[PDB]
Amino acid sequence: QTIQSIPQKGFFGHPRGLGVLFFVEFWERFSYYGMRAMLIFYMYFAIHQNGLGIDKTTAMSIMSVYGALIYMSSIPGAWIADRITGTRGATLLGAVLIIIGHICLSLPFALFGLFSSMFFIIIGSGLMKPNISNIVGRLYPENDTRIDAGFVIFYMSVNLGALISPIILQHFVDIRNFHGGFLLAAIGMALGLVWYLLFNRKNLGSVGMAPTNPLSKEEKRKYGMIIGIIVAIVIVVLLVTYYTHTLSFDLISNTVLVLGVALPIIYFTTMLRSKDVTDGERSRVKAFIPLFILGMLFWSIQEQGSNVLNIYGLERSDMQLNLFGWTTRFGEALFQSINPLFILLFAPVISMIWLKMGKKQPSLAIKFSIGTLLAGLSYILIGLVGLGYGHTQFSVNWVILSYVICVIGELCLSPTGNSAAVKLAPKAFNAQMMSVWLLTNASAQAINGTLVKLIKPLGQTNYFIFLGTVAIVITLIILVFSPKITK
Ligand SMILES: CCCCCCCC/C=C\CCCCCCCC(=O)OC[C@H](O)CO
Ligand SMILES: CCCCCCCC/C=C\CCCCCCCC(=O)OC[C@H](O)CO
Ligand SMILES: CCC[C@@](C)(CCO)SC[C@H](N)C(=O)NCC(=O)O
C-alpha cells in the first residue's frame, strides 16, 4: 500500500507531502506568472527599452498560443507519466525542463532565447502540471474525506504565486532589466526544485514511482514510430520554412487554432461513440457540450486580461489608482495580481454561500451562465468606457473594474467546472473528461491567438463591445435550456 510509506498528517491536518508540494507549486507558479507578467512588455517594448521590438499584435498572439500550448501539452504529459515514467519522474523532468526555459530568457539570446524558453516551458509544464496534481490526490486513502480540502490548500499556492510575483517583478519592468527579472523567476523555480529533491523521498514514499499502465514491448515500438513520424514532420516543416524565409508566427497560430477546434471534437466524438459508455453516461456527455461552449466563452474573455486589457490600460488609462483620496501610480504588471487576489479573498466566501443554500443552490448550467454573462459584462463595461471618453484618457479604476467583474464570474464558474469533469464523467473516460474541462481553457486560448488580429480592423473599443455581446447572446440562448441540461 502507497499509504503505508507516507505520513498521514504534518501539514495543517493533511499528509506532510502536501506541505512539500505546496512549497514546490508556489515557486513554479510564482516564477511562471512572474515571467508571464513581464513577457508581454518584454516582447512589444522597443529595442532601446531592452525589449524585443516585436509587432504588438504578434506579441499578443504569442501570449495566447503559448497559454493554449501549456494546457494542450498536459494531455501527452499525463499519458507519459501513466505509461512510461510514473507521475514522480514526469514532475521532476518537467521541473528541470521549466528551469531551463527560465534560464533561456536570462541569457542575451534575443528571439532564439524567447522561442527556446517557450519550448522548454511548454514541454516542462505538460509534464509537471497534471502530474503534481495527481500525486496530491494519491496522498489520501480511498475513503478519505480530507481530499477536497487538500486541493483547496494546494491551489492556494497557485494564486499566492500568481499574486506576489507581478508585485515583485514590477520593479524590473520599471528599470527595464528584463534579463534580471527572468533570472529572479529562474532562481525562484530552483528553490522549488531544491525543496522537492530534499524532502520528496520520505514525505511521498512509493506514490507515483512507476507508471499505472506501462507499455508492452510492441507498444513501445508502435507509439515510438507514430510519435517519431509526427515529430520528424514537425521539425522538417519548421526547418524548411526557416531557410526559405516563409517561417512566421501564423504557421504556429493557425496550427494551434486547428488543434483548439479539433481536440474538443475528437474528445466528444470518441465518448459519444464508445461501446463501454452506457446511454445514461452518454446523456451526461451531450449535457456537457453547452457547458463546454459557456466555459470556452468565459476563458476567451478572462485569458485576454494578460495580453489585451493590460495594454489597453497602459495605453488609454492614466495608470493612476484613485480611491477615496488614496492616489498612487499603478504598475502595468500589477493588472495580473487582480484576479488571484480576488480568488484568495472571495473563493472561501462563495464556497459558504453555496453550502448555506444546500440543494436549493443554482445548478452547473446556471453557475456557468452567471460566470460567462459576467465575463461578457466586463467587456461591455470597458467597451462603453472607451466609447464614452473617445480620445480622452480615463481612470485606471475603470480597467480595474473590468478585471473585478470578470473574476467575480470566475468564482461562479471555476468550482463548478472542476466538479463537472468527475460528475458528468463516464467510468472508463475519467481522464478523458478531465481533458474536456482543461480544453475549455486550451481551446479559448487557441481562438484568442487568431481573435487578437480583429483589434486593428474592428477598432479596440468595437472589439470589446462585439466580444462582450457575442458572449452574452450565446449565454442567453443556452440559459433557456438550463433545466434540460441538468442530468
Ligand atoms: C494588488 C492588485 C490590485 C488591486 C486593486 C484594488 C481594487 C479596486 C476595486 C475596484 C475598482 C474601483 C471601482 C470602479 C471605478 C469607479 C469609477 C471611477 O473611478 O470613475 C472615474 C471618474 O471619476 C468618473 O468617470
Ligand atoms: C456581482 C454583479 C456584478 C454586476 C456587473 C454589472 C456590469 C454592468 C455593465 C456595464 C456598465 C457600463 C457603464 C458605462 C460606462 C461608463 C461610461 C463613461 O464614463 O463615459 C464617459 C463619459 O462619456 C464622460 O466623458
Ligand atoms: C481577466 C483576468 C485576466 C488575468 C490577467 C487575470 C487578472 O489579474 S489571467 C492570469 C491570472 N493571473 C491567473 O489566472 N492567475 C491565477 C490562477 O492561475 O488561478
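Nothing fancy with the numbering, it's 1 onward along the sequence. Just follow the structure's listing: the first ligand is 1, and inside any ligand the first atom is 1.
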Verdict with supporting geometry, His14 and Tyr140, side chain to side chain donor-acceptor pair (under 3.5 Å): CA-CA 9 Å; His14 293 268; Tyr140 300 87; 2.7 Å; yes

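Considering only heavy atoms from C-beta on, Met319 comes within 4.5 Å of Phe335 through its side chain. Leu127 is not listed as a side-chain neighbour of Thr91, based on a closest heavy-atom distance of 4.5 Å or more.
Looking at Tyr379 and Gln304, their side chains do bring a donor and an acceptor atom within 3.5 Å of each other. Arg29 and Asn159 share no side-chain donor-acceptor pair at under 3.5 Å.
Pairs passing the side-chain hydrogen bond (donor to acceptor under 3.5 Å, both in side chains) check and including a residue from residues 36-46, sequence neighbours excluded, do not occur.
Between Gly449 and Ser64, the closest heavy-atom pair is N-CB, 3.5 Å.
Salt bridge annotation for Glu25-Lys129: absent, with no cationic side-chain nitrogen under 4.0 angstrom from a carboxylate oxygen. The existence of a salt bridge linking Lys453 and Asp250 is confirmed by a sub-4.0 Å separation between a basic side-chain nitrogen and an acidic carboxylate oxygen.
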Less than 3.5 Å apart, N/O on ligand 1 and N/O on the protein: could you list those pairs with the distances?
from, atom 1, to, atom 2, distance (Å)
ligand 1, 19 (O), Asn397, ND2, 3.1
ligand 1, 25 (O), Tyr389, OH, 2.8

Run through all N or O atoms in ligand 3 and write down each protein N or O closer than 3.5 Å, as a pair with its distance.
from, atom 1, to, atom 2, distance (Å)
ligand 3, 8 (O), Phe335, O, 2.8
ligand 3, 8 (O), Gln336, O, 3.2
ligand 3, 8 (O), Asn339, N, 3.0
ligand 3, 12 (N), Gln336, O, 3.0
ligand 3, 18 (O), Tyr33, OH, 2.8
ligand 3, 19 (O), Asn159, ND2, 3.0

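At a heavy-atom distance under 4.0 Å, no atom of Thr392 approaches ligand 2.
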Donor-acceptor contacts under 3.5 Å from residues 73-81 side chains, at least two apart:
from, atom 1, to, atom 2, distance (Å)
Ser73, OG, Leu69, O, 3.1
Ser73, OG, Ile70, O, 3.0
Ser73, OG, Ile122, O, 2.9
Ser74, OG, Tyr71, O, 2.7

